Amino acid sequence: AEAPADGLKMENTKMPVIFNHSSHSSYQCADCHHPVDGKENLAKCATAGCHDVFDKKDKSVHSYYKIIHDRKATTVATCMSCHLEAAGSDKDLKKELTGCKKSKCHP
């Protein structure tokens, strides 16, 4: 399958984020779109039954907050766990890629 155009709005919450596939083109699709039940899975992450729990305190597999923001990941990277690695030690990359506000995720 082909990646969609840039400018995709992630908007399940009051803190929506613009996702650009072009900034992630060197990663395999399945690094984010993990298979489910042995089948390709390009479904929206917060689809009912999937990552559909919006309580920030929830740490279950169904937590939408966790799949995006958890600082550590084992099986499937989170946005944050990968951006923490990518930013490394420098202040600017941390600001742009990992910050809660004034970052490229949450301007």
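In this text, residue numbers run from 1 along the sequence as written.
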On average, are the C-alpha B-factors higher in 7-15 or in 20-28?
-> 7-15
Quick one: say whether 34-42 or 71-79 has the higher mean Cα B-factor in the deposited entry.
-> 71-79
Third of the chain's Cα B-factor distribution that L84 belongs to, per the entry | middle
Within-chain third of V61 by Cα B-factor, per the entry | highest
